[PDB]
Amino acid sequence: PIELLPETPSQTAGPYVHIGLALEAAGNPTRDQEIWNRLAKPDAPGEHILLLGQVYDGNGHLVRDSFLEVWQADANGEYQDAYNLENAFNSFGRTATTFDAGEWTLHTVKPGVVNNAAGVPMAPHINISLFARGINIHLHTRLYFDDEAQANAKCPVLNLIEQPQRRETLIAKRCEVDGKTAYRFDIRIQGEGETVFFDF
Amino acid sequence: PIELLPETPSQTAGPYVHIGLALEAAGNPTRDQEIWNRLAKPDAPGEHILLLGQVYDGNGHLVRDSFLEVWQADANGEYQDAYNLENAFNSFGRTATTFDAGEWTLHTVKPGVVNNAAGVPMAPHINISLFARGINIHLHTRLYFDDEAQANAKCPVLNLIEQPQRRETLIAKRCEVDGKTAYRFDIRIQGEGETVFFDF
Amino acid sequence: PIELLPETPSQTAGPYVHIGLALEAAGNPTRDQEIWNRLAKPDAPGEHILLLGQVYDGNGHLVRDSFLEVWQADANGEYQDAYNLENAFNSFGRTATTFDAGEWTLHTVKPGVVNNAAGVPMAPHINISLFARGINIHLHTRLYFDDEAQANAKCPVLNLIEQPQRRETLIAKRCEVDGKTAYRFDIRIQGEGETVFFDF
Amino acid sequence: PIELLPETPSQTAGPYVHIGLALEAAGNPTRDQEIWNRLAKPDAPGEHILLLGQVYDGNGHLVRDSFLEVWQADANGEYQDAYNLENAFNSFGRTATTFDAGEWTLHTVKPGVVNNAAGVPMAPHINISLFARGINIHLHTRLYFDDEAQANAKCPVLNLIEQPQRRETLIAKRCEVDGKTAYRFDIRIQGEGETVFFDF
Amino acid sequence: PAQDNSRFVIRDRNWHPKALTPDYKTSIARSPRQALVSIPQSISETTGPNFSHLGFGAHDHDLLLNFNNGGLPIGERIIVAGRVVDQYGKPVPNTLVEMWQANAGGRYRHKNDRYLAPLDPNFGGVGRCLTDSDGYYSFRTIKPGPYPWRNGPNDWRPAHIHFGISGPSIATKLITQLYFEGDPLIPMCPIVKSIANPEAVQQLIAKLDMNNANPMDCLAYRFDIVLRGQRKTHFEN
Amino acid sequence: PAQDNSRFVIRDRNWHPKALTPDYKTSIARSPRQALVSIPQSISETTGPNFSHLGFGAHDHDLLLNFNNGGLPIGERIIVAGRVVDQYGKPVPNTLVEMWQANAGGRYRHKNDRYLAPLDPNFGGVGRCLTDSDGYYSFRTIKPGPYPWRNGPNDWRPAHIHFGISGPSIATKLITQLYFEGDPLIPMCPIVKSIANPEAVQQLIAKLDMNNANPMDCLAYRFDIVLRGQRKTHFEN
Amino acid sequence: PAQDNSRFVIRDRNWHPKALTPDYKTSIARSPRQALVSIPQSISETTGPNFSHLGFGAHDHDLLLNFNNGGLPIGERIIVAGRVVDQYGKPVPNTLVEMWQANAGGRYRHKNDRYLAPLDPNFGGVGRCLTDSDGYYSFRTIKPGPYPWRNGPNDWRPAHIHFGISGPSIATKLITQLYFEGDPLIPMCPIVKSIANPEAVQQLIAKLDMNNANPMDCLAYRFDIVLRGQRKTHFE
Ligand SMILES: Oc1ccc(F)cc1O
Ligand SMILES: Oc1ccc(F)cc1O
Ligand SMILES: Oc1ccc(F)cc1O
Ligand SMILES: Oc1ccc(F)cc1O
Ligand SMILES: Oc1ccc(F)cc1O
Ligand SMILES: Oc1ccc(F)cc1O
Ligand SMILES: Oc1ccc(F)cc1O
Ligand SMILES: Oc1ccc(F)cc1O
Ligand SMILES: Oc1ccc(F)cc1O
Ligand SMILES: Oc1ccc(F)cc1O
Ligand SMILES: Oc1ccc(F)cc1O
Ligand SMILES: Oc1ccc(F)cc1O
Ligand SMILES: Oc1ccc(F)cc1O
Ligand SMILES: Oc1ccc(F)cc1O
Ligand SMILES: Oc1ccc(F)cc1O
Ligand SMILES: Oc1ccc(F)cc1O
Ligand SMILES: Oc1ccc(F)cc1O
Ligand SMILES: [Cl-]
Ligand SMILES: [Fe+3]
Ligand SMILES: [Fe+3]
Ligand SMILES: [Fe+3]
Ligand SMILES: [Fe+3]
């Protein structure tokens, strides 16, 4: 058969990933422009939300050195790829778990609906890539919202997960964090309640 | 050493096993004569019983596409190998899980006692082979009966299972289905309560 | 792919073929029973006919050392494989060209119609195999009759010859030889008027 | 020495070439636009002519499944390469032998004179490529005109054919078809009168 | 009734595929995590059904004719034939061989197949027959197409026919798959590669068999099947 | 109008099949017995049609849709794609590629095909397209079946698609056939073996191309075509 | 207005390291035990951030100058350069390449690194740059030292630089590690050996590149990166 050039193989991001990609968390000085966890300035259109979560290993223990990259549509369901700290909204961001509590946070707006390649609407989602020491190739998942039940039930991506019990792992839980609308999204890498991870 | 011809290697029966071996269940027309799940004509000697069960994967989810082959003695402890739809009793049958409920059923008689090769009586049992999508080589097990406790405790095959807790996995539970004597035999392929599987 | 044992390869019958297969023509004594050119005794049912012919090479010259084997149905269209000099009719015979004139002769009856494997009637024919010095593997042909025009036109074997001009090469010419009904069938191995040869 | 990439090797066009390149002739529907045998609209400049011919194999039998491609200058000696069904004239066309009669036809104009690479005028000619079942690589030839004898005698391409007798094979015979000026160009692939075929 | 009169050579479970083969994703949750428990052969294991008295239809072995809805199936006409023998080389006569497959485009006639390649109105995809007195079986069918499946994001099964063979006992019963000589999908398939030993995979590849073809009609493939060796008991008790 | 602006590398007629290849029986009477006459390239040979202004239908390259009589064809859905280049490696843009083939069962939609395998009411078997500015072409089709033919008494063509390619001149025009990776019929075919050099035959074998497949939809094969090298004239006259 | 206008060749997850590679001990509890769920590509997967207008400092790619606290870092001065292409051999222009590494003695400037080799007051260990219009990137740095880690009882990472590459979409984003030609630690490392195919490991080994060296100044290493092949959609 036809064989292309092989892809460069992945390796773990390792325990000191933050020195390269999350400078503050390493205990180091930062540069003038950094890619981080506030996707929306206060003036961006849409419902402003806080997202937060913790990451668990197969023994139920916190992964305190996790690094997450996120990619989401704006409130109108359009992806904004022109990354610029001047923008009211960026579709891309990064966050990391703090070493004491293990919690990551993201400040963004709730994404609008985007259609899949066949023209079928997907439920509102945030695309997540998870990196960490011990993770040899990053894990892809999606964060959906528990207040979008009607949309979630019809999502052509959620419906590719064979078991409804497993679909539940991708639904973030609405709450309030010091007065602001928030959603909690825990990831369990392994074992009971294991989060669905995707290949594409 | 002496090497014989190698056996042809097994492969999974696959999700569409029914089109070859359970035609009705595939949604298809059947042929004049099919090998299926009623082992006993109404006037066959012995105690008429219904067997039923569900099959679970390692996540506790129903295996809705499993296919079972059974082999049992008749009520007089004789194996009837000359398969014929006109027989009062066939020692062989086939069944499959329904896709909705994941439940298989078998109509038969309680088998009589047969001796092992050393002349030691075995407890009444049905030999089962389990096939399915995801199962690369079929799994062998035995169904024994919870109302044969005295015989079960002395069975030379049950006694080869080192742990009593594991022996319990092979004991079907007497119950009633539409008022008729029945035994339920659930199979757990993996994990807690994993059913004993044999090699011979 | 699957490969069987290879067939023993052919070789030319060579110039002295008659010592083995045509003892009289070599100038040698014959044995008590020989296979030769009179397929029918006078009492055999059917139309008694003489067949004769000459064999030509690619330069138009007589092949004087040709050996022919023939196989034909009896008058009722049945092949008689039990060869016996006592029989009124044998389906099999041998002949050879004389070294001075180059002519072979056969005494037989006109064969009846036989159906091909699809049940379609073939025109009356004699199957011929031609051997000689210089012929590395024997050549297969058929002799049909010019007084069977209606049948010949419908023969499923003749119709596999793409060109009508080439079909004409297999039609023997009715004549009379000292008072008896005869047919002449010349074979041209090569060149102008080249006789159709078959593979099967 | 220097070796370039090898050319993809030719194969026979095969008996069913018409389904790809002569759709009507296969017995099939045609597409909106097809490349076929009318090179000139009625008002194209020059002398309108019909070309026709038959193709013979080495046994003198018609090749009923042959396919021809033609390339000729227009009346002013210009090659019109921008193929378009709306052109007054196309220098390119295709034709095929009818299966009944084995005859191909082309409607065109008499081509004007074009010079060879050394500036020497060539006699008026049509370039022909012949394809068919049994022809492993197409055969190139040229059709010249019998009423251009003075030009033909001086043609630097005809003069590369060593024997005058062979040059005669490339000269089409003026005739009339339904009262209209025509030239007949029969091709003999093999044997007596074998048509000259070119390599370039 | 059946008698315990023989023993069957122990299976090589490193020649067969293992249960847990994670590139075949569905195997992960459908494989045991405890060891198989070995038991001696008894009459329960060394006997099994014989199907000599099963009523076969005239066309049960001929998939060209056994789903006839007004015409012939579209696709590559083939005979699939071979011999069933045991590991000692002895023929296995009067044994049940069953087969099932997709149509020429890789579509199965099953309500759970969501591949959108069309059904063939004259093709069903099931056959059965009983080996003759010398161990030989024969089917006529069309060559199945490959088809895509939701394992990895671009996984395709090679063209294959599923087979089930009863043999003389429940100890010999086998389900397997036949693949076709030269198919470039074979080395890429995680189900094929559930078999760790490439020499074992070679045993599942049917060979083009020109000698068994019907000219101007159909090609042929040969697929021989080897069941566990059967021997008499000796020196027991 | 066209100009003489280039020369084309001379063909290797020992790489191509020779005319007389007697195992391919029809070649015996349809091969010349006189030598080809070599002639220098002139404008007559170094020019040819360009088909940029030919009107192509929307589905001309898509055999799944271009003979639509109520449904999809039955058979193995495939993309056949590749690049047309010359012997110097330069792409051949805006060139006509035509193809024709049998259906999934080896039946051609032609009144002279007497093979009794059925026609597919939704399959025609013809496509065309024009290479893009970088030399690439693409068709979508079903994989054709092998089929039997009256050469020897049990001869079968491997699965194949016939191709015609115009190129920049009548000197470059080529008809050939594409065969499929691994097909065991390839080494057995007297038409394939009209090509004496096995390395040349390898150039006609399309390779499975998983990177170009559409998951859950269709497979893909790659077939690159090399036409005669084109160079500028130099030092002439 | 990011548009879905391409597809990315499916990853070979037998070329990449598998998740569960137990000799790399931390992978045991941080690897899934359920299969990944395959999904078709949509605009969500086939788009991603473009960093053309991220504001890069003058020395962001130069680790010899970007942590200047009174002088030059101690260690082997090297240029690390290469081309980012996709599997079809097409350059990947204007893409973000980030890197991080230990100092010459194997010490990271991170609060969690308890290896007792000293920090270098003039070395930070982070760089970034955008590939040029032809897919090329270049950094200047010092060669990192190997360092010991608590896996087995005497395990040492080969000298390495961590790399992150964005590429045209979230489907192409990759984190990997660069190793150095000839380092005898490479075949002994359980992280390297998370990659089962030794030919894949070879793709991570940077080659000494004397042609790119500055005489009397610094050596150079070449590290080319291959991202997933990108093609246009067809027949969808
Ligand atoms: O279809 C579903 C989607 C999300 C979920 F949590 C459960 C479902 O059954
Ligand atoms: O010997 C036993 C047999 C069956 C069972 F369930 C438990 C036992 O201890
Ligand atoms: O069909 C034919 C049969 C015999 C013959 F001589 C000529 C024919 O055209
Ligand atoms: O020079 C010639 C040209 C054409 C032809 F037919 C004969 C010739 O001698
Ligand atoms: O428990 C198990 C774990 C891994 C394996 F390969 C087989 C097992 O039975
Ligand atoms: O006594 C036995 C116990 C277990 C086994 F697998 C074989 C035996 O012969
Ligand atoms: O007694 C036996 C002999 C051979 C064998 F394979 C199994 C047995 O239980
Ligand atoms: O998406 C498709 C996949 C296979 C097929 F036959 C038709 C389709 O529309
Ligand atoms: O286990 C295997 C089996 C067949 C093959 F081609 C490759 C494998 O790795
Ligand atoms: O006349 C010929 C004879 C044999 C051959 F191979 C080629 C010829 O041109
Ligand atoms: O003058 C020529 C004559 C014949 C040929 F093939 C090439 C030439 O250049
Ligand atoms: O002048 C020429 C140069 C090269 C070539 F291949 C043919 C020619 O006629
Ligand atoms: O003889 C036959 C050959 C091929 C076919 F499809 C049908 C037939 O009846
Ligand atoms: O000429 C040949 C070409 C291909 C092949 F496989 C065998 C041959 O003899
Ligand atoms: O559950 C698993 C078990 C073993 C393995 F290699 C991968 C798995 O996902
Ligand atoms: O329909 C699909 C489902 C899963 C996948 F990975 C790809 C598909 O095209
Ligand atoms: O439509 C697709 C095409 C190629 C691919 F790799 C993934 C897709 O979802
Ligand atoms: Cl410091
Ligand atoms: Fe590190
Ligand atoms: Fe299947
Ligand atoms: Fe001799
Ligand atoms: Fe063909």
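No hydrogens, no waters, no symmetry mates; every other heavy atom, side chains included, goes into these values. In what follows, chains carry the letters A, B, and so on, assigned in the order in which the sequence lines appear, proteins first and then strands, with residues in each chain numbered from 1.
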task: Classify the angle between the aromatic ring planes of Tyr144(B) and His125(B) as parallel (below 30°), tilted (30 to 60°) or perpendicular (above 60°).
output: tilted
- prompt: Do the ring planes of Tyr108(E) and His162(E) sit parallel (below 30°), tilted (30 to 60°) or perpendicular (above 60°)?
  reply: tilted
field: Beyond-backbone contact of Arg133(B) with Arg30(E), side-chain heavy atoms, under 4.5 angstrom
entry: yes
query: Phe89(B) versus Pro45(B): any side-chain heavy-atom pair under 4.5 Å?
result: no
message: Please enumerate all residues that pass side-chain contact (heavy atoms from CB on, under 4.5 Å) together with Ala172(A), with sequence neighbours excluded.
response: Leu143(A), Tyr183(A), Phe185(A)
task: Salt-bridge test for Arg33(E) and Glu194(B): reply yes if a basic N is under 4.0 Å from a carboxylate O, no otherwise.
output: no
query: Should the pair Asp60(E)-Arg31(B) be classified as a salt bridge under the 4.0 Å nitrogen-to-oxygen rule?
result: no
query: Is any side-chain heavy atom of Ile28(G) closer than 4.5 Å to a side-chain heavy atom of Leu20(G)?
result: yes
query: When the ring planes of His160(E) and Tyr147(E) are compared, do they come out parallel, tilted or perpendicular, using 30° and 60° as the limits?
result: tilted
field: Option from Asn116(B), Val157(B), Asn127(B) for which side chain to side chain contact (heavy atoms under 4.5 Å, CB included) with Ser44(E) holds
entry: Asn127(B)
query: Is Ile187(B) close to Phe197(B) at the side-chain level, that is, under 4.5 Å between some pair of heavy atoms?
result: yes
task: Inspect the contact between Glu45(E) and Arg228(E) and indicate whether a charged nitrogen and a carboxylate oxygen are less than 4.0 angstrom apart.
output: no
message: Would the distance check show the side chain of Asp113(E) and the main-chain N or O of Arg107(E) forming a donor-acceptor pair, the cut-off being under 3.5 Å?
response: no
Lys/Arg-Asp/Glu bridge criterion (N-O < 4.0 Å) met for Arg13(G), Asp199(A): yes
Residues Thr181(B) and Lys110(B): side-chain donor-acceptor under 3.5 angstrom: no
